[PDB]
Amino acid sequence: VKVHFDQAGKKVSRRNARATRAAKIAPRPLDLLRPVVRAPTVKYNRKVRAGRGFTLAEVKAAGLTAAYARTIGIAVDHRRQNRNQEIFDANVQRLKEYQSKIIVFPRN
Amino acid sequence: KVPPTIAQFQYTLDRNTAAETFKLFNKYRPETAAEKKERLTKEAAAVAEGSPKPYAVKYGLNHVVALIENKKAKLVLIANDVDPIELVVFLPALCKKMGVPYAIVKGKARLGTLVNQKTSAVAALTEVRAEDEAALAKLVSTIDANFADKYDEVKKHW
Amino acid sequence: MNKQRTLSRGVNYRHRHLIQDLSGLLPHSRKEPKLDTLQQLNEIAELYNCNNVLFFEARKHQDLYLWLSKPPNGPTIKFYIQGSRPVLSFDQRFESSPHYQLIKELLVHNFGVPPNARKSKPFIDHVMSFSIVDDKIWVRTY
Amino acid sequence: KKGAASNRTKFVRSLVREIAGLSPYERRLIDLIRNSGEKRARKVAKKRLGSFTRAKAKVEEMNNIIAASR
Amino acid sequence: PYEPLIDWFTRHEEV
Amino acid sequence: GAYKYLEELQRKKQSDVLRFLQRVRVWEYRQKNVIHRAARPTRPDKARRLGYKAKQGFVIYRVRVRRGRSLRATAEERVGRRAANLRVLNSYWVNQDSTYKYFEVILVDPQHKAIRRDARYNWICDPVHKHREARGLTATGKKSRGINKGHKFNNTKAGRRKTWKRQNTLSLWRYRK
RNA sequence: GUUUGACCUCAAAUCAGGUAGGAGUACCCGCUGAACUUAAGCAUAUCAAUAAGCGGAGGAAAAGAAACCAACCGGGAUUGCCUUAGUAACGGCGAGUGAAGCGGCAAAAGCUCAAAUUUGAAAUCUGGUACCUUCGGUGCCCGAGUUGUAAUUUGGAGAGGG
RNA sequence: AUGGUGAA
């Protein structure tokens, strides 16, 4: 039988690891931007949730190369295609706001 | 007995024609490692203190096959004792379809001696100087009658 | 005198045993490997001089459809149905409208083994209770 | 994407067809085609192959080879 | 079983 | 490249041309020992696409097993047992016999400096890959284990033995539901 | 030419440069693998795809970037938990057996080959020797390699040119 | 039942 006695210990360890990761990842928020997307189903069609990463079309619309986008923490999807125009527009607006919000140190 | 595609070998360039081909090929020995190294060192020394493409035979199997199907190669040599026979079964038919003349020569070891390599299994020439262009053309013309016309029934002899 | 000939991926023991002895009960129908989709199946009869052909379809991972139609220009219908000479029963409902009258006429040479076929036996051994009772097309045989 | 013809590959396959001759089962199939009809040839191929579409494609290939032979 | 090969394809030289 | 021609020829394994080669090679193997080191692969095109490099350290071995567990996995295990220091990467069928079957397995020497200093293949030197054939991690082994994407392998997609404990184990949280 | 040389195959060396046996074994990756025991019964159902038996690794292992899941206005690596759900589904439909998408959370790095001729220069690498600033740096030699070492590249394409 | 021991 398995008992999750380590629940509190596991949570503490996860928090400690997350805090430690900030030591090497202090300048950036330790996470990649997740696009807003619609879950595939009939029941949950009305609901909207985050996705893995922006499509190639969205990245191109945002005005930056896919390779550069990854280095700035922008997630890119290998096979995610864009079908809904409204979702693409929302993702483009989010990317534009993000880019306007970034401060990037020079390659000293 | 062997299939019709096999036994297409064992019919190869004769001693006289093979000797002539080797003599012509011996005039285009590619620069060896030592020769290239010494030439490059001399060039660097001249540069520190302050010519057209080098014609040579083509022998790499991949390079030779790439030259074939493009009509660039003017002559091709095929080794008959290739252990993986599958590597060479299609070369004669492919050359015939492309119309590129070829001559089979006995001995992969003998073939490799002309390129300073133990074995190459293939050899071909594309570029040729004017002094040797006529000789190459004459050899190609002679090879036609020597081989293609003498073995028009090669499909037989299972 | 009377002569006639006739003909999805992945099935476990139950589906394999479902259509198990239909070939032995309908010798005029051959047993051949499955072929997924449909029009080309109509031309298979040419290779066997057959005048009737049956083709299968699979849908929803749970339903199996048995199509019946004459190859050249025959009508087609389907339903989700769950060596001795047979004898076929009938029902009065099969002669009320064309939708069943035509099926009844087709069955006579689409299901009944010809009396003079290659494997047609002389003697009968079982009876079929073919009927459309309760609007269904599933019947029990003994 | 789709399997483009890739003319180079088509030529290579055509050359390999002549280089490899015909398999003994292929030899039997062509012999029956020339003497027993495509109707029986297709059935023989299906018995010696899987789906009927593959047998039909093989029979068409044999017919094309025979036509090109003369 | 034992018949000569055919040059149906190699007959025509590539252009 | 000529490798396309070799692949096309290998497609027509049933061609009468290849039958003579098959007979000659199977006879030679029958005259030869059951297991021996091959000077060079008989199917370089097949070996190259499987990740074979002509550089030093890529040893090729020939293994013969009785016809009638997967034969390829058994042959890989046998060659690994014999060639303990070598690491089994992949194998390909080259010939068959009425009673015997022949598979060619390509091996890489982890201790060879040519592989240790090569980033493209130094990963094999990791201790986790020791006796990779014994764990069924090869192409034949992975297929034999039913490890593939999709719900068609839900019984063994992530490992039947591993998933059995997960699905047949009682889990109780601190705050019982 | 009755000699001689190129190779290819395999041996010989208490020759140099190298690795494996075993132990441990809770967990991991595979093979073989039963019975007491149960519904009223043992071939499916169930102890059990278990213990024992055999082979190989690490501090975690396997798996991991789809020939995936779905049918919606679509999601877009693998893995663990809750839920989906004791549901779909299986079983003298009973006794009993027993899944998965979607949703939420933990963490999200994706990559490298075969398949196109460098051909206007095997330019690649191991080993030996001689030096240094020694988990390595360089002159020279041999060997490996042309049956392929060197520019990108795994479809989000890519390459030759302007 | 599985794994083992030695012997008129």
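Residues numbered from 1 in each chain as written, not as in the entry; some residues may be left out. Chains lettered and ligands numbered in written order. Part of a larger assembly, values for the part shown. Heavy atoms only, no water.

- Method-wise, the PDB entry is recorded as coming from cryo-EM, at a reported resolution of 4.38 Å.

- Naming follows the PDB entry, where chain B appears as 60S ribosomal protein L8-A of Saccharomyces cerevisiae.
- Of the comments in the UniProt record for chain B, the one headed Subcellular location reads "Cytoplasm". (UniProt positions renumbered as here; feature names shortened; annotations may be inferred.)

As for the protein's contact with RNA strand G
Moving on, step 1. Around RNA strand G, the surrounding shell holds 102 residues, and the nearest of these are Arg18(A), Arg79(A), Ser51(B), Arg14(C) and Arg135(F).
Moving on, step 2. Take the atoms of RNA strand G that sit within 4 Å of the protein: sugar and phosphate atoms are 70% of them.
Moving on, step 3. In this structure, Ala54(F) approaches RNA strand G through a main-chain N or O atom, which is 3.2 Å from a phosphate oxygen.
Moving on, step 4. Contact between RNA strand G and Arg69(F): a sugar or linking oxygen at 3.3 Å from a side-chain N or O atom of the residue.
Moving on, step 5. The biggest single contributor to the surface near RNA strand G is helix α7 (residues 160-167) of chain F, with 7 residues.
Moving on, step 6. Taken together, the residues that form the surface near RNA strand G break down as 32 nonpolar, 25 polar and 45 charged. (Near = heavy atom within 4 Å. Polar contact = N/O pair within 3.5 Å; in protein donor to acceptor, adjacent residues only side chain to side chain. Helix = DSSP H or I, 4+ residues; strand = E, 2+ residues; numbered from the N terminus. Nonpolar A, V, L, I, M, F, W, Y, C, P; charged D, E, K, R; others polar.)

Some remarks on a positive patch on the surface
Residues and elements named next belong to chain A.
Moving on, step 1. Positive charge collects at one region of the surface, where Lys-11, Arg-14, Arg-15 and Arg-18 lie side by side.
Moving on, step 2. Summarising the element assignment, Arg-18 is placed in helix α1 (residues 7-24).
Moving on, step 3. Here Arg-18 falls in the exposed class, since its relative accessible area comes to 55%. (Patch = residues over 30% accessible without salt bridge, like charges linked within 9 Å, V, L, I, M, F, W, Y side chains within 5 Å. Areas by Shrake-Rupley, 256 points an atom, 1.4 Å probe, with all protein chains shown as cover. Salt bridge = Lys/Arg side-chain N within 4 Å of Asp/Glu carboxyl O. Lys, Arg positive; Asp, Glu negative; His and termini not counted. Charge placed at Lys NZ, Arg CZ, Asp CG, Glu CD. Buried < 20%, exposed > 50% of the residue type's maximum accessible area, 1.4 Å probe, protein only.)

Digging into the pairing of strand β3 (residues 87-96) of chain F
On a regular strand, each side chain points to the face opposite its neighbour's, so the side chains alternate between the two faces of the sheet.
All names here are of chain F.
Moving on, step 1. Counting buried positions over the 10 residues of β3 gives 8, a clear majority of the element.
Moving on, step 2. With 8 bridges connecting them, β3 and strand β4 (residues 100-108) associate as antiparallel partners. Looking at the pairing, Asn-90 lines up with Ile-106 of β4.
Moving on, step 3. A loop of 3 residues connects β3 with β4, the two strands running antiparallel in sequence. (Pairing = 2+ DSSP bridges.)

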